[PDB]
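Presented as structure tokens, the chain that follows is alone, the form deposited in one PDB entry.
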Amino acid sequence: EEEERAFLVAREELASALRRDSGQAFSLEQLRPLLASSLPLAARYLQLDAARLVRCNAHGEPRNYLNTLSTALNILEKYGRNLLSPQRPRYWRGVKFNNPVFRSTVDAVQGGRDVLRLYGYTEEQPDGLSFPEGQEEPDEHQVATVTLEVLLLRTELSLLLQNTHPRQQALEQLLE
């Protein structure tokens, strides 16, 4: 009740801060209503399939695949931040799979391509994904909400790698 109410408030608040300033940095205190929340994962991540991304990429030592997942999420977070900035990139409506950074980070994670579809890159192409022909501008509320969930999962994976997660003992039971 009281904890579930502060979660939806912080989610809508931080999503607008990304729309107001796409380059805004968030501290661990600003995201604490979303990290320390004892809400189930289905209620915490409404768009980003956090359960899938963790399940399909938990291979090897946790010191490595949590690091590989966090790096791919940092790249995916930059894609959503670029869409929300007033000075959008010249090729904002098209991501190519053969990018050297993309192939070494996002394409190295099972399900990283599907995260781009959440931003709006829904049209499949033999070299990448693209925004649909006709969509003049991206849905800011959709991009900001997905960017916040991507940034939140990256923060959650980062907190686990430093043994500083609020539910560190609980999350480690799902990997051992």
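Throughout, rigid core stands for the largest set of C-alpha atoms superposing within 1.5 Å between the two forms. Each residue number is its position in the shown sequence, starting from 1.
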In terms of RMS C-alpha distance in 8 other deposited structures of this protein following rigid core superposition, 5-13 and 154-162 differ, and the farther one is 5-13
Of the two stretches 73-81 and 98-106, CA positions deviate more in 8 other deposited structures of this protein after rigid core alignment for 98-106
Of 9-17 vs 150-158, the stretch with the larger average CA B-factor in the entry is 9-17
Higher avg CA temperature factor (82-90 vs 101-109, as deposited) belongs to 82-90
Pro33: CA temperature factor from the record, placed by chain third, in the middle
Split the chain's modelled residues into thirds by Cα B-factor; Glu61 lands in the lowest
In terms of its chain's C-alpha B-factors, the third that includes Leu41 is the highest
In terms of its chain's C-alpha B-factors, the third that includes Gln47 is the middle
Here the Cα B-factor of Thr122, set against its chain, lands in the third termed highest
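This next part talks about the form solved in complex with a partner chain, which is not shown.
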| query | Is there any non-hydrogen atom of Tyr121 lying within 4.5 Å of its partner chain in the bound PDB entry? | reply | yes
